[PDB]
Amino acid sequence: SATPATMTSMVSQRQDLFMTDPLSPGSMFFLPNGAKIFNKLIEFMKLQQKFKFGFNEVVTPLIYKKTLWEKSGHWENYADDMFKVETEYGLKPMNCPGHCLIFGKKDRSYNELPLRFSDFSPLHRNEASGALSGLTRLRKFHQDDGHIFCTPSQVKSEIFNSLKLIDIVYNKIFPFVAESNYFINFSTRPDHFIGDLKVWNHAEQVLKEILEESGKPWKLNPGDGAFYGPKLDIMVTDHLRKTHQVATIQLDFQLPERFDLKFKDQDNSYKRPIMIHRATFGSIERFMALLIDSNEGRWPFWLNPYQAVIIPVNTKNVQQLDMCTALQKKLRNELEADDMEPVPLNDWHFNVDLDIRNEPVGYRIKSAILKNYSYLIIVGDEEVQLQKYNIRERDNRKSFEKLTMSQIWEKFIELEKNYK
């Protein structure tokens, strides 16, 4: 009879992922295992954004004076959902205004467009306490945020590149449970919007054209556009057929005008850049919640905070213990605190545990299966003899391999490398 929210709480209790406290309602605590997943997702997304999709990361303030939010139009649209800060300040619910400040700080040439900034800042929104639900709706969350500044003729290609990244995430790297794991909502001009209505109709026309050219299924979603522009909202469906907004792409002609943004064009004319807002995960928190809704805790290897467990058949057998300890040390790849040798960059480190509890071998196994370890590694007398480990995958326990220490090292590397 379980809901998505309940599924998230069940997995979190089994794997020690997260916790909450009434001293900070709506703000999640990521415990070590929960934080490993969070950080892994961010590592993945940073790699795609920097070395494939042309983004440059920036780090921006969390609080801005009341004036910035008035200049942006946030203060009169959202201020009820905005935490005020007191010494006249607003705790940011969005990164965009900060990125406008960065754009307008230097002369900009058409030669550096499209200019793409990424930002993983924590955001706060004063969501009503009745709206709070697990990791899907929080008062504090992290967006894989990004703002693009381009020319009219670059809009289409930039949006298709955003859509390519979206497909890598939703239709290639991550399984979820249409052929596509999402549909698009075409979200149009809302009641309260800034800017002239002509510009708005043009932005909506550009977006519809791109939607049609993409060939992806979409739905009209009237009135749900941002206050600064219309958007494509990427909707995924949980197992209770309820839809959730994750990735989003927003076409913004309005903020550039309000920040008096300009760039020198090919003809030495000063012209306004167009701004595209975009997020792929949406928020890392909500994305994680939807992964869990699908995988029920059975993380893929590269993401799993429980990548492998090593289990000696006899916990008092020295030959088995040595062999198990040798492998754990190899796969964890840690250094001793006793010397001055630092951990080098780009080494591999795997989440590998050793269960030597004074418990029947059978129960230790069952324990590891409850935790969803990607791999179970057993060592008995025969394994000591061959100096080869019995290793089997979680979701295919019937088959198995007998591999050397070195072969497991390379196997785990290839898995993590390519997001298996």
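Residue numbers run from 1 along the displayed sequence.
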property: Unmodelled in at least a third of other entries of this protein, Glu179; result: yes
property: Residues with no coordinates between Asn346 and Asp347, taken from the deposited sequence as a class; result: none
property: Gap size between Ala178 and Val177, counted in deposited residues that the entry leaves unmodelled; result: 4 to 9
property: Residue stretch of maximal mean CA temperature factor, 306 to 314 vs 256 to 264; result: 256 to 264
property: Of 161 to 169 and 105 to 113, the stretch whose C-alpha atoms average the higher B-factor in the entry; result: 105 to 113
property: Maximum C-alpha temperature factor, selected from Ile148, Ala289, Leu240, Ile249; result: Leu240
property: Residue selected from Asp395, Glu43, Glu57, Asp355 by maximal Cα B factor; result: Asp395
property: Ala279 - Cα temperature factor, lowest/middle/highest third of chain; result: lowest
property: Ranked against its chain, the third holding the CA B-factor of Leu31; result: lowest
property: Assigned third (lowest, middle, highest) for the C-alpha B factor of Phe18; result: lowest
property: Chain-relative CA temperature factor third for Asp119; result: lowest
property: B-factor third for the C-alpha atom of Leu135 within its chain; result: middle
